[PDB]
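Below you will find one chain, with nothing else, as C-alpha cells; this is the form deposited in one PDB entry, and questions on how it binds or moves follow later.
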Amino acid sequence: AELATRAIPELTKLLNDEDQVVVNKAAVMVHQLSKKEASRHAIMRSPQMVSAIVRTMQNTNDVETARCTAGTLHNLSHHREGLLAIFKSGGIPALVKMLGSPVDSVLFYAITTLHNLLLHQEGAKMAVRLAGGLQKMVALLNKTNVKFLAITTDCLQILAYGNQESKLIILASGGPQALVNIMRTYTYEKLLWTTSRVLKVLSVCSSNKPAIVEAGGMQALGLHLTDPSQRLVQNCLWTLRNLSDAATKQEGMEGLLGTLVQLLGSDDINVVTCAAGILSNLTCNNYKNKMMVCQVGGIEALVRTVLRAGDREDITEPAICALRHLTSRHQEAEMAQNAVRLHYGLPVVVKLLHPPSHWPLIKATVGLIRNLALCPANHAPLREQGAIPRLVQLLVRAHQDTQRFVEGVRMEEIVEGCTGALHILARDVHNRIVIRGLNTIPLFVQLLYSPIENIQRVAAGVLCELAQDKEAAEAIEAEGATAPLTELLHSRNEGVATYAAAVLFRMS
C-alpha cells in the first residue's frame, strides 16, 4: 500500500491521458499495476482510475491498448470490490462492446470479467441483458478455444436460467443451432457439461424445444450418453426427456435408441427413469422407432425394468407406456406381444392394475393389456393371472364415478380402456365365460348409451364377441340392447355402426 494507496493519486494522472499514444504507454503501465496484488488492491480502492481504465478501453482503437486495459479489468475481477468498481464504472456495456472485437486476447479478459461479475456482483445479469451481451455471447459460440467456449456458455446459462425473455433472445440469436454444434464437435467435458446445462434450461421453453430438435439436438446429446462423466450423461438425459415429445419426426435415432435401451439396465434410478421416459415418447406414433427398440432387445430390457422398479411409478408408468407402444401398429409387434410373456412379464403387468398403483399407471397398464391380448398365446395366461376380474372391477367403479379428473385421469378413459381390453380378450371362448359370469352384459348395454363414440364402439364390440354364443345372445336381447343398437347403426363412427349390425344379426 506504500507505493499504492499513496501511489493512487499519482496513478490517476499516471493514467488519464488525452493524447493517443500516451494513454497507451499508461495503459501498459496500468497492466503492470494490475499484475501486482498491492497496486491492484489500490486500483480496487479508489473508483476514479477504474472509470478511466473503462473509458480509455472504449476509446482505444489499438489492440495492445485494449488488451492491457481489459487484462486490468480482469485482475480487478478477482477482487470483490473490483467487481463493484466495474459496476460503478459502467464497464459492463463496454465489456459487451468487445464481445465483437476480433483479437482473441481481449475477448478472453472480457468474457471472464463478465463471468465473475455475473457470479459475484448483484444485479449484473440485468446489466448484461440491457447491454445486449446475450446476443453477443451467442455470436461468440462460433470461436474455437474450448476454455473460452466454456465460459461463454456458462454466462448464457446464468443469464437464461429463470428468465423466459433471455431464452427467447437465445432462440432469436440462433443459439439452439450453435449450442448443438458445440455438442457435436467438441470432447472437452467442462464445455459439453456447461452447454448441456444451457440446452437443459432451453429445453423447458415451448419455443426453444422445437428448434433444438430441428438442429439435431436429440442426436447430438445421444453422442455423450456413453461418457464416463455422470453429470454430462444426466444432463443429457434430462434434456433429451424434455425434447422427446417434439422429436417424433426425427430420423437417425438408431444410435440413441440403442444406448437408451442399455441405460435401462443401469443402476442409477435417475438414468433409468429418464431412459424409460425418452423411449416412451420416441416410440409413440413412430413405427420405425418401435422396430429399432424391438431390434435391440428393448422389450426384454423394459420388462426387466418394470420388475426391478416394483412400486416406483416414476419408472413403471413410462416403461409400461413404452411397452404398450411396442406392442401395436408396428411390424414385429406380434413378436413383441409374445416377448412380454416369454420374459415373465404377464404376472407383473396384471399386478400393476391393483393398489397401490395410481391411475396414470393403471391407464397405461390397461392399454398394455389390450395389446398383449391381441396375441392368442396371451389369452390363457392373462386369464390365469386374474386380469379379467380386475379389469371388470375397474370398469364398474369408473362407470359409477362417471354417472355421479382423478390423478389427471378422466374416468371415461378408464371406462374406455377397460372395455377395449375386454373386447380383445373376448375373442377367446374361455374369457367369454369369465366375462359373462361377472354379469357384465348389463353394464355393456349401458355403455351403448354413453356420449363418447369410442366408448360406444368398445361396448358394441365386446357385446359382438359375446353375442356369438347362443346363451349370451339371448342375454343381450333380454337386456334391451336391441333398441340402442338400432340408433348405433346410424352413427358417424363406422366402428360403432358395424359392431351394432353384427350383434343385431347374432340375436335371432
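For the two forms, the rigid core is made up of the largest set of C-alpha atoms that agree within 1.5 Å on superposition. We number the residues from 1 along the sequence you see.
Omitted here: the form solved in complex with a partner chain. The next part is about that form.
- Although the partner is absent here, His430 is not a contact residue: none of its heavy atoms lies within 4.5 angstroms of the partner chain in the bound PDB entry.
- The shortest heavy atom separation between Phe87 and the partner chain in the bound PDB entry exceeds 4.5 Å.
- Residue contact check for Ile151: one or more of its heavy atoms lie within 4.5 Å of the partner chain in the bound PDB entry.
- Within 4.5 Å of some heavy atom of the partner chain in the bound PDB entry lies at least one heavy atom of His74.
- For the partner chain in the bound PDB entry, the listed stretch (110-118, 344-352, 256-264, 293-301) containing residues with heavy atoms inside 4.5 Å is 110-118.
- Only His79, out of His358, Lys190, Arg383, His79, shows a C-alpha shift of 2 Å or more between this form and the one not shown on alignment of the rigid core.
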